[PDB]
Amino acid sequence: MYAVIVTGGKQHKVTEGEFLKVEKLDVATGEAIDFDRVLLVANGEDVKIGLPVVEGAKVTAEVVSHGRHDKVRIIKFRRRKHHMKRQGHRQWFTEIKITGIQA
Amino acid sequence: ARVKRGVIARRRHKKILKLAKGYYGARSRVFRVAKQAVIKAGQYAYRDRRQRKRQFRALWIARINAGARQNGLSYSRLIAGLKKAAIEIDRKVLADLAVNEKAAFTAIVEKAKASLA
Amino acid sequence: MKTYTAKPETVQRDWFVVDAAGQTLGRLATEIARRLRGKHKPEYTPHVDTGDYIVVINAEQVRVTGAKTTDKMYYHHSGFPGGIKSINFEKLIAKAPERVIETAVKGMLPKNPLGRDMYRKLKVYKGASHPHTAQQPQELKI
Amino acid sequence: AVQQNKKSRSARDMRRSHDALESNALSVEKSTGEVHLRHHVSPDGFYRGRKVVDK
Amino acid sequence: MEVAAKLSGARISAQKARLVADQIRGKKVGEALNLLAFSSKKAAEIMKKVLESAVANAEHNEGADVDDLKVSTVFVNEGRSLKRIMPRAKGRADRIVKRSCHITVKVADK
RNA sequence: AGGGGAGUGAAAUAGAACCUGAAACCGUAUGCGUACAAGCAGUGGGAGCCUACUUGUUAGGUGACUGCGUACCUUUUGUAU
RNA sequence: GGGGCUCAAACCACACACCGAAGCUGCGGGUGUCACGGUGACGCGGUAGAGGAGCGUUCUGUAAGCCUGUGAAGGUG
Ligand SMILES: [Mg+2]
Ligand SMILES: [Mg+2]
Ligand SMILES: [Mg+2]
Ligand SMILES: [Mg+2]
Ligand SMILES: [Mg+2]
Ligand SMILES: [Mg+2]
Ligand SMILES: [Mg+2]
Ligand SMILES: [Mg+2]
Ligand SMILES: [Mg+2]
Ligand SMILES: [Mg+2]
Ligand SMILES: [Mg+2]
Ligand SMILES: [Mg+2]
Ligand SMILES: [Mg+2]
Ligand SMILES: [Mg+2]
Ligand SMILES: [Mg+2]
Ligand SMILES: [Mg+2]
Ligand SMILES: [Mg+2]
Ligand SMILES: [Mg+2]
Ligand SMILES: [Mg+2]
Ligand SMILES: [Mg+2]
Ligand SMILES: [Mg+2]
Ligand SMILES: [Mg+2]
Ligand SMILES: [Mg+2]
Ligand SMILES: [Mg+2]
Ligand SMILES: [Mg+2]
Ligand SMILES: [Mg+2]
Ligand SMILES: [Mg+2]
Ligand SMILES: [Mg+2]
Ligand SMILES: [Mg+2]
Ligand SMILES: [Mg+2]
Ligand SMILES: [Mg+2]
Ligand SMILES: [Mg+2]
Ligand SMILES: [Mg+2]
Ligand SMILES: [Mg+2]
Ligand SMILES: [Mg+2]
Ligand SMILES: [Mg+2]
Ligand SMILES: [Mg+2]
Ligand SMILES: [Mg+2]
Ligand SMILES: [Mg+2]
Ligand SMILES: [Mg+2]
Ligand SMILES: [Mg+2]
Ligand SMILES: [Mg+2]
Ligand SMILES: [Mg+2]
Ligand SMILES: [Mg+2]
Ligand SMILES: [Mg+2]
Ligand SMILES: [Mg+2]
C-alpha cells in the first residue's frame, strides 16, 4: 500500500506510518489534513493509475511539528571589481505523519 | 581614547579558519590563504545549488529511458504518450518506480502505449 | 524519499557473447560500449560500474565501408623526436585483429578510472571460440 | 638557481623517507657473554676466545 | 608504571636527534641499550644517558626490574636557540642559529 | 648540565628565562584514506570503514568513485595571465 | 572536439516527437516604491559615484548602582 500525492508543488511517494518533511502548511500542530490530489494508488499487485487524479482516493495525515532547515550561506563575489555580498537562509518545513491511505 | 585591536582581530580570524577545516596544507592554517579558499568555496556552493537540480533531472531521464526500452518504447515516445492521456507523474517518481516497483512502471508504459504514442 | 543509488557490492552482472561476422565496425562498437557502461539498466548510476561482460569472437571479420580498408590510419607517438608511426586498417587486421575493435570501443568510453574499469570487462578474440565457457555467456544479436 | 615556490610540508618529508639509520651486527662471546661488534675485538679485549690486548 | 626521564637543552639539533629515537622506539631496554652503545652517532651518546636515568628512576622510585622493562614513549622537542653572526664576503653578515632540543624517554613494565 | 621522588605553598604545568601563555612553526599517539594515477586542491552527488548513544529516516571523523571548476589585489579597452 | 560515420551519424525538402538556461510557471520566504485602510500592483545584475539604515571596539554619565573567589577579564572547545 503506497500512493503518490502532490503537496507544495512537489510530488511524494508515500507509505502508511511514514514521516516526511514538506513545504510549510498553514495548519496548527496536531491537526489532521487530507490530500485529495492523489495521482497513483498501488495495492500489492493492484495498481490504480490516475487519470489525472485517482477518483475517490484520499490520503490522511497529521501535522507533527514546524521548523527550519539548516542554514545555507549565500555569497556573491566579483573578482577585482570591489564587490561582495553575504546572506543567510533557513527554509521552513512542516513535518507530517501519514495515518491512513484510502485506495 | 586609544582602542586596541587585539581581541577583535583574533576573533575575526578564527571564524574564517574554522570554516577552512579539512582543507589541504596552508588552506586550513594560514589566514591569507584560508580567506580566499572560504570565498571560493562559497562561490562554488551558490552555483552548485543550480547544478544539483540539473544533475538529478538528467539522472531520472536516463533511468526512465532504460526502463521504457525494456517494455518496447523510447523515452521521447513515452513522454508524448503520457501527456496525451492524462498522467502528470514526475520524472522523479517515475524513475523510482522503474527501479523499485517494476510492475507499476509496466502498467504506466502500457497505458501510455495505448494512447497510440 | 531520496533517489536510488547503486552499490558496487550488490550489482548483478551478466555475460554475453557477440559475433562480429560482417558487422560495421563503429555501429557494432557503439552497442558494446552502451552495455559496458550499464546504460540499458534502470539501476545505472554515473559513478559505479553497473555494466555487463561482453565477449567478441570473430574479431578479424569486422568490416568498414567506403574506401576505409586502406585509407583509415592509426597513429601513435613513441615519445622520441620524429617518433610518429602509422598503420592502416588492412594491415592492422593482419597483425593484431583484436586491436581494431578495442581501439574503437575504448574511444567511446569515459577517460577516467571508472572508464578503464568498464574496459576491463571486454574480451576480444579472433577465433570462433572463447576460453570463457564456465561463465556461460548468452547470445547477443548485434 | 633557486626555487620559485617553497616546498610543502609533505614534499620535504618524502625526501627524508630514505634518511633512516640501519643497525650493526652484534655478537655475544660464548666464554663471557659480552656483546661486541661482529668481527671486532670486544671492549674487554677478547676475540674468538683469546685475550689480545688486555687494555 | 610508566616512569619518565627528561633532558632539557641538549646541545644538538632536533632533526639529528630524531634519527636515533626512531631506532629504539618500542624495544626492550636491554636490546636498546646495546644498540646505543655501538652507534656511531653523537645523539646516541646523549640519549643513552637519558635512557639509563629512566631505568634508574624505575628501580629506586618504583621498584621495577630492568629485565621486564621496555621503552614505550620517546620523542624529541625543540629548545631555544642561540643566535650568532658569521661574516661573509664583501661586507655581508650572515646569521647563525645554534639549535638545541629536549629529549624525553619513558619506560614501562606493562 | 638536566631530571625522578620527597618537602613548602591555596595553587609548582606559580621553580626563579617563574602571572595569563594566542598564532605562525615543530612533534608523539589514535581513527579513516592513499603505491595504474594527470591540472587553483574546492564544491554537487556518494559507497565503504571507525566512534558515540537514542541501535539506525541519528550525531561525529574519514572520502574510494563521479559531474562542474585556470588564486587574490592593482591597473586597464581588455588579465589564469 | 574525439571515437567513429556511406539506402549516413553527409546534403536538399517536408513532418511529428523529445532534450535543453539563473528565461517562464508552481510552492515557500525576504525586501523597495505607490494606492487604500494589513491588504493590492510591479519592482529587487551592477563599477565610478549619490542616497538610506545598522553591528562591534575603548573611554565618560546613568553607577556610592548591578555582577563577581560558590570564580571577573582573557584563552580554548
Ligand atoms: Mg591600536
Ligand atoms: Mg578533508
Ligand atoms: Mg541538465
Ligand atoms: Mg535538466
Ligand atoms: Mg637550491
Ligand atoms: Mg620551484
Ligand atoms: Mg612565485
Ligand atoms: Mg620567482
Ligand atoms: Mg614569478
Ligand atoms: Mg635526506
Ligand atoms: Mg672587510
Ligand atoms: Mg635557516
Ligand atoms: Mg603540599
Ligand atoms: Mg596552568
Ligand atoms: Mg600560575
Ligand atoms: Mg596576580
Ligand atoms: Mg608561565
Ligand atoms: Mg600554539
Ligand atoms: Mg608525522
Ligand atoms: Mg589502488
Ligand atoms: Mg594501465
Ligand atoms: Mg600530479
Ligand atoms: Mg586526461
Ligand atoms: Mg553529499
Ligand atoms: Mg557521517
Ligand atoms: Mg567529493
Ligand atoms: Mg571531485
Ligand atoms: Mg577546469
Ligand atoms: Mg574540467
Ligand atoms: Mg597589487
Ligand atoms: Mg599596462
Ligand atoms: Mg595595455
Ligand atoms: Mg587600445
Ligand atoms: Mg579570462
Ligand atoms: Mg596568477
Ligand atoms: Mg567533449
Ligand atoms: Mg533517407
Ligand atoms: Mg520542444
Ligand atoms: Mg531549470
Ligand atoms: Mg526570474
Ligand atoms: Mg511565491
Ligand atoms: Mg532581475
Ligand atoms: Mg541592486
Ligand atoms: Mg561607564
Ligand atoms: Mg572554574
Ligand atoms: Mg577592558
Side-chain angles (χ1 to χ4, degrees), chain A residues 7-10 18-20 23-24 76 78-83 87 89-93, chain B residues 1-8 10 13-14 22-25 27 29-33 35-37 39-45 47-52 54-56 58-59 61 74-77 79-80 117, chain C residues 2-3 5-9 24-27 29-30 33 45-49 64-66 68 72 103-110 112-114 116-117, chain E residues 3-11 14-15 18 25 49-50 53-54 56-58 60-62 73-78 80 104:
Chain A
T7 187
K10 271 78 73 178
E18 197 203 86
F19 284 91
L20 73 164
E23 298 281 344
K24 199 200 45 185
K76 286 159 187 167
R78 180 75 55 154
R79 58 162 145 198
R80 62 190 182 253
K81 296 297 186 208
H82 197 238
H83 181 258
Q87 203 191 317
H89 190 81
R90 305 190 68 199
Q91 182 85 2
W92 286 92
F93 64 79
Chain B
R2 189 178 180 248
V3 172
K4 279 178 92 171
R5 291 183 284 165
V7 177
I8 296 301
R10 167 191 298 123
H13 280 198
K14 279 177 54 79
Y23 295 176
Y24 174 82
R27 308 187 158 237
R29 55 192 99 195
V30 300
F31 175 79
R32 277 187 204 232
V33 183
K35 176 179 192 261
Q36 305 177 195
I39 284 164
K40 176 66 81 70
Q43 279 182 275
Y44 281 147
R47 160 210 89 176
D48 277 324
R49 286 196 283 275
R50 279 86 188 145
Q51 287 188 3
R52 190 203 289 129
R54 301 188 211 153
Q55 281 171 12
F56 264 112
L59 184 67
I61 286 177
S74 55
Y75 170 88
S76 67
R77 294 259 302 158
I79 293 316
Chain C
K2 296 182 92 153
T3 290
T5 185
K7 295 164 166 38
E9 313 86 8
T24 318
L25 162 77
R27 286 172 200 256
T30 306
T45 69
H47 67 104
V48 65
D49 185 355
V64 289
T65 63
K68 269 182 286 207
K72 179 175 173 42
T103 303
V105 171
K106 184 178 184 293
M108 300 192 201
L109 293 173
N112 48 39
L114 188 66
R116 300 178 217 115
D117 274 356
Chain E
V3 65
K6 197 166 89 208
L7 173 59
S8 298
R11 279 284 329 149
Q15 178 184 353
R18 279 181 198 129
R25 194 176 276 119
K49 287 183 68 161
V50 181
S53 196
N57 287 339
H60 196 233
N61 307 143
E62 308 283 89
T73 314
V74 56
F75 50 87
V76 187
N77 283 330
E78 293 179 353
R80 65 178 64 88
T104 315

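Residue numbers begin at 1 in each chain, while the letters A, B, ... track the order of the sequences. The figures that follow rest on heavy atoms only: side chains count, while hydrogens, waters and symmetry mates do not.
A gap of 8 Å separates the P atoms of F/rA80 and F/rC72, to the nearest Å. Using atom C1' as the reference point in both F/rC50 and G/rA73, the two lie 41 Å apart (nearest Å). For F/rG61 and F/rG31, the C1' atoms lie 7 Å apart once the distance is rounded to whole Å. The gap from the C1' atom of F/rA24 to that of F/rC53 amounts to 39 Å, rounded to the nearest Å. As rounded to the nearest Å, F/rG5 and F/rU13 have P atoms that lie 10 Å from one another. With both ends at atom P, the span from F/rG56 to F/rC25 equals 45 Å, rounded to whole Å. For the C1' atoms, the distance linking G/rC44 with G/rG52 amounts to 16 Å, nearest Å. Rounded to whole Å, the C1' atom of F/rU66 lies 25 Å from the corresponding atom of F/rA71.
Each of G/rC19, F/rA24, G/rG28 was ranked by its minimum atom distance to the side chain of A/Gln91; first place goes to G/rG28.
Rounded to a whole Å, the NE2 atom of A/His83 is 13 Å from the P atom of F/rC73. Spacing between atom CD1 of B/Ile8 and atom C1' of G/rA73 amounts to 14 Å, rounded to whole angstrom units. Remark: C1' of F/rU66 and CZ of B/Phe56 are 12 Å apart, rounded to the nearest angstrom. Between E/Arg80 atom CZ and F/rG21 atom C1' there is a gap of 15 Å when expressed in whole angstrom units. B/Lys4 places its NZ atom 13 Å from the P atom of G/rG74, with the value rounded to the nearest Å. Separating the CD1 atom of B/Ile61 from the P atom of F/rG67 is a distance of 19 Å, rounded to the nearest angstrom. Rounded to a whole Å, the NE2 atom of C/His47 is 18 Å from the P atom of F/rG63. Put simply, NZ on A/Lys76 is 9 Å from P on G/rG45, counting in whole angstrom units.
Phosphate contact (OP1/OP2 of G/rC27, side-chain N/O of A/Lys24, threshold under 4.0 Å): absent. Put simply, C/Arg27 has a side-chain N or O that comes within less than 4.0 Å of OP1 or OP2 on G/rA9. Between A/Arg79 and F/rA80, a side-chain N or O to OP1/OP2 separation shorter than 4.0 Å is present. Using a 4.0 Å cut-off, some side-chain N or O of C/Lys72 falls inside it from OP1 or OP2 of G/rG4. Within the structure, a side-chain polar atom (N or O) of B/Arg52 is placed less than 4.0 Å from OP1 or OP2 of F/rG45. Between C/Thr65 and G/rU6 there is a side-chain N or O to OP1 or OP2 distance below 4.0 Å. Between B/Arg2 and G/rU57 there is no side-chain N or O to OP1 or OP2 distance below 4.0 Å. For the OP1/OP2 pair of G/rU58 and a distance below 4.0 Å, the side-chain nitrogens and oxygens of B/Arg5 include no atom meeting the criterion. A sub-4.0 Å separation between OP1 or OP2 of G/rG75 and a side-chain N or O of B/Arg10 is present. At least one side-chain nitrogen or oxygen of A/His82 sits closer than 4.0 Å to the OP1 or OP2 atom of G/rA48.
Nucleic acid contact for C/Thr45: none, since no nucleic acid atom lies under 4.0 Å from a heavy atom of the residue. Note on B/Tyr75: only backbone sugar-phosphate atoms sit closer than 4.0 angstrom, heavy atoms only; bases stay farther off. Within the 4.0 angstrom heavy-atom criterion, only backbone atoms of the sugar-phosphate kind lie near C/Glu9; the bases stay farther away. When heavy atoms are screened at a 4.0 angstrom cut-off, E/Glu78 is found touching the sugar-phosphate backbone but no base atom. Here B/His13 lies out of heavy-atom contact (under 4.0 Å) with every strand. Within the 4.0 angstrom heavy-atom criterion, only backbone atoms of the sugar-phosphate kind lie near C/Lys7; the bases stay farther away. A/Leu20 comes within contact range of no nucleotide atom at all, as no heavy-atom separation falls under 4.0 Å. Residue contacts for A/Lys10: at a heavy-atom cut-off of 4.0 Å it reaches a base atom on one of the strands shown.
Taking every heavy atom of both residues into account, E/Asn57 and E/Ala4 meet most closely at ND2-O, 3.3 Å.
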Dump the pairs, protein N or O against N or O of nucleotides 51-54 of chain F, anything under 3.5 Å, distances to one decimal.
none

What N/O pairs connect the protein and nucleotides 1-8 of chain F at under 3.5 Å? Give each pair on its own line.
from, atom 1, to, atom 2, distance (Å)
F/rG2, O2', E/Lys6, O, 3.1
F/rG2, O2', E/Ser8, N, 3.2
F/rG3, OP1, E/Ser8, OG, 3.2
F/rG3, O2', E/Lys6, N, 3.3
F/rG3, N2, E/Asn57, OD1, 3.4
F/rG4, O4', E/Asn57, ND2, 3.2
F/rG4, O2', E/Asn61, OD1, 2.9
F/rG4, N2, E/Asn61, ND2, 3.4
F/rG4, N3, E/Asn61, OD1, 3.3

Could you go through nucleotides 35-42 of chain F and list every protein N or O atom that sits under 3.5 Å from one of its N or O atoms, giving the distance for each pair?
from, atom 1, to, atom 2, distance (Å)
F/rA37, OP2, C/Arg116, NH1, 2.8
F/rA37, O5', C/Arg116, NH1, 3.3
F/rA38, OP2, C/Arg116, NH2, 2.4
F/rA41, OP1, B/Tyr44, OH, 3.0
F/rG42, OP1, B/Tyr24, N, 2.9

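The pentose of F/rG15 is categorized as south (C2'-endo side) on the basis of a negative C1'-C2'-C3'-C4' torsion. Judged by the sign of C1'-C2'-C3'-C4', the sugar at G/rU6 is south, the angle being negative.
For the pair C/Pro46 and A/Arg78, nearest-nucleotide mapping onto RNA chain F gives the more 5' position to C/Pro46. Place B/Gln55 and B/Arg49 on RNA chain F by their nearest nucleotides, and B/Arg49 ends up nearer the 5' end.
No more than 12 heavy atoms of other residues, nucleotides or ligands sit less than 6.0 Å from atom CD of E/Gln15. E/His60 NE2: 12 or fewer foreign heavy atoms inside a 6.0 Å radius.
With sequence neighbours excluded, the residues satisfying ring pair (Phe, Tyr, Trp, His ring centres under 6.0 Å) with A/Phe93 are A/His69.
A side-chain donor from one of A/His89 and A/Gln91 sits under 3.5 Å from a side-chain acceptor of the other.
Remark: F/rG39 and F/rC40 are not stacked on each other (six-membered ring centres under 5.5 Å, interplanar angle under 30° not both met).
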Problem - Nucleotide-level pairing of RNA chain F, given in dot-bracket where Watson-Crick and G-U pairs need both distances under 3.5 Å and | marks other strands - result: .........................................((.(..((((.(..)..))))..).)).............

Problem - Secondary structure string for RNA chain G (Watson-Crick or G-U under 3.5 angstrom, | for other-strand pairs) - result: .............................(((((((.))))))).................................

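Using a distance-only test at 3.5 Å, with no hydrogens or angles considered, a donor-acceptor pair links the side chain of C/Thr30 to the main chain of C/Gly26. Not a single donor-acceptor pair under 3.5 Å links the side chain of E/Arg25 to the backbone N or O of E/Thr73.
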